[PDB]
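A structural walkthrough
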Amino acid sequence: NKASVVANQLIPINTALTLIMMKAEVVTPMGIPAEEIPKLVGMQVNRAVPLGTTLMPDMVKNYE
């Protein structure tokens, strides 16, 4: 089990992701793989993402 993107602070609804917002941790269930962090920068979340929440594909606008 590989590391996922996890929120490093509360990320408000509709906020564009920045690097300070995204830590990487081995969690279950699996979220977006950690290697995607630099590619996620600039993309908005479609809901608030509390600190410690695993970031999932469905939470990111325009993510495939």
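Residues numbered from 1 in each chain as written, not as in the entry; some residues may be left out. Heavy atoms only, no water.

For this coordinate set, the PDB header names X-ray crystallography as the determination method and states a resolution of 0.62 Å.

As for the overall build of the protein
This is how it is decided: The numbering of helices and of strands both runs from the N terminus, where a helix is a DSSP run of H or I of at least 4 residues and a strand a run of E of at least 2. Restricting the calculation to C-alpha atoms gives the radius of gyration, and the globule rule supplies 2.2 Å times the number of residues raised to the power 0.38. Only protein chains enter the accessibility calculation, which uses a 1.4 Å probe; a residue whose area is less than 20% of its type maximum is buried, one above 50% is exposed, and one in between is partly exposed. The contact rule is simple, with two residues in contact once any of their heavy atoms fall within 4.5 Å. Surface accessibility in these figures is a Shrake-Rupley result with a 1.4 Å probe; residues are shielded only by whichever protein chains are displayed. All tallies of charge rest on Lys and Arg as positive and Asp and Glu as negative; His and the ends of each chain are not included. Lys charges are placed at NZ, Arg charges at CZ, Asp charges at CG and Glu charges at CD.
Helix and strand content of the protein: one helix and two strands. Across the protein, helices and strands are ordered from the amino to the carboxyl terminus as β-β-α. Scaling as 2.2 N^0.38, a compact globule of 64 residues should have a C-alpha radius of gyration of about 11 Å, and the protein matches this with 10 Å. By its C-alpha atoms, the protein is 30 × 25 × 20 Å across when sized along the principal axes. Counting all 64 residues of the protein, 38% fall into the buried class. For the protein, long-range pairs separated by at least 24 residues make up 57% of all intrachain contacts whose partners lie at least 6 apart in sequence. Accessible surface, the protein: about 3700 Å² in total, of which carbon and sulfur atoms supply 59%. Seen as two clouds, the 5 positive and the 5 negative side-chain charges of the protein have centres 4 Å apart.

Focus: the environment of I11
Structurally, the position occupied by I11 is in the loop between strand 1 (4–7) and strand 2 (22–25). Apart from the residues lying within four places of it in its own chain, the contact partners of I11 are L17, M21, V45, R47, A48 and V49.

Description of the nonpolar core
We count it as follows: Buried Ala, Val, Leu, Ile, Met, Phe, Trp, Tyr and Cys residues form a nonpolar core when they are joined through side-chain atoms within 4.5 Å.
Counting 16 residues, the largest nonpolar core has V5, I11, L17, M22, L40, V49 and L55 as the members making the most contacts within it. At the level of elements, strand 1 and helix 1 (37–40) are the ones that each hand at least two residues to this core. Setting aside chain neighbours within four positions, we find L40 in contact with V5, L17, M22, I32, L55, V60 and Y63.

Describing the UniProt feature "domain: AFP-like" in the protein
The condition is simple: UniProt positions are given in the numbering used here, feature names are shortened, and annotations may be inferred rather than shown by experiment.
The residues that UniProt annotates with the feature "domain: AFP-like" are residues 4–63. Across residues 4–63 one finds 7% helix and 13% strand; the C-alpha atoms that close the span lie 15 Å apart.

Regarding unusual backbone geometry
Cis rather than trans, the peptide bond between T28 and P29 has omega equal to -5 degrees. Among the structural elements, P29 can be located in the loop between strand 2 and helix 1. The backbone phi angle of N62 is positive, close to 65 degrees, even though this residue is not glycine. Note that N62 resides in the segment after helix 1.

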